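Reading the structure
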Amino acid sequence: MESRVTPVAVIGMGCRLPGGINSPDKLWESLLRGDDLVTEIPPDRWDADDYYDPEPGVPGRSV
Amino acid sequence: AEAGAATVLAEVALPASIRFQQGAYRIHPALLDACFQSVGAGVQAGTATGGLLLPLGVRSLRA
């Protein structure tokens, strides 16, 4: 009543995230450690150097 | 270096509209011609004061 919607309780979660994070506790530990999960684009994905360009707005290339 | 400098250098890069073409050449023809255009600076701005010069080829090329 005080909440117009019936309150909902989260009873579990799952996650697979960069930097080897596959559990919420792993995410919490990484967050407390102040770790970063951003890295260079892996080559097997594609050639980052091929498409990289520091110049803004260059067609066909990313920044 | 000076008004009688025998060496010059220039910052050269393909235009954004063409920068993507670099993946299909050993040297992009436009970039190489731009490098040739750098010779137009010469020892002086008055180098070959009259008429237009055109390249006739080079002794050797080392990629």
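Sequence-order numbering is used: residues on each chain count from 1 as written, possibly diverging from the entry numbering, and only residues with coordinates are shown. Note on labels: chains are lettered from A, ligands numbered from 1, in written order. Consider the displayed chains a part of a larger assembly; each reported value belongs to this part rather than to the entire assembly. No hydrogens and no water enter the side-chain calculation; it runs on all heavy atoms of the structure.

Per the deposition metadata, cryo-EM was the technique used to determine this entry, at a resolution of 3.87 Å.

Helix and strand content of chain B: 1 helix and 0 strands. Here the globule rule is a power law, 2.2 Å times the number of residues to the power 0.38, and the radius of gyration is based on C-alpha atoms. Relative to the 2.2 N^0.38 estimate, which gives 11 Å for 63 residues, the radius of gyration of chain B is 14 Å and therefore markedly larger than a compact globule would have. With the C-alpha coordinates of chain B rotated into their principal frame, the extents come out at 40 × 25 × 25 Å. To sort residues, take the accessible area from a 1.4 Å probe on protein chains only and compare it with the maximum for the residue type: under 20% means buried, over 50% means exposed, and anything in between is partly exposed. The buried share of chain B, taken over its 63 residues, is 8%. Each accessible area is a Shrake-Rupley estimate made with a 1.4 Å probe; only the visible protein chains count as cover when residues are assessed. Summed over its atoms, the accessible surface of chain B is roughly 5600 Å², and 59% of this surface lies on carbon and sulfur atoms. Numbering goes from the N terminus for both helices and strands, where a helix is a DSSP run of H or I of at least four residues and a strand is a run of E of at least two.

Before going further, it helps to spend a moment on unusual backbone geometry. Residue and element names in this part refer to chain B. Of note in this structure, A48 is not a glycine but carries a positive phi near 50°. Secondary-structure assignment places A48 in the segment after α1 (29-38). Relative accessible area serves as the criterion here: at 33%, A48 is assigned to the partly exposed category.

Here the focus is the side chain of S30 of chain A. The topology assignment puts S30 of chain A in helix α1 (residues 24-33). Other than its neighbours up to four places away in sequence, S30 of chain A contacts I21, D35 and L37 of chain A. Residues are treated as being in contact if the distance between any of their heavy atoms lies within 4.5 Å.

Here we come to the pattern of salt bridges. Pairing is possible between side chains that carry opposite charge, provided their charged atoms lie close to one another. Salt bridge, as used here: a side-chain nitrogen of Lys or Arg that lies within 4 Å of a carboxyl oxygen of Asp or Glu. Enumeration over the complete set of coordinates arrives at 3 salt bridges over all chains. One salt bridge in this structure joins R61 of chain A and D50 of chain A, with 4.0 Å as the shortest N-O distance. With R61 of chain A in the segment after α2 (48-51) and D50 of chain A in helix α2, this residue pair connects regions lying 11 residues apart in the sequence. For the salt bridge of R19 of chain B with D53 of chain A, the shortest nitrogen-to-oxygen distance reads 3.1 Å. In this pair, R19 of chain B sits in the segment before α1 while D53 of chain A sits in the segment after α2, so the two residues belong to two different chains. Taken as a pair, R19 of chain B and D53 of chain A share a single burial class, namely buried.

On the surface, a cluster of nonpolar side chains totalling about 500 Å² of accessible area is made up of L17, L27, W28, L31 and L32 of chain A. Take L27 of chain A: it is sitting in helix α1. Patch building starts from residues that exceed 30% relative accessible area and form no salt bridge, then joins like charges within 9 Å and nonpolar side chains (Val, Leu, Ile, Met, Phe, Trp, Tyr) within 5 Å.

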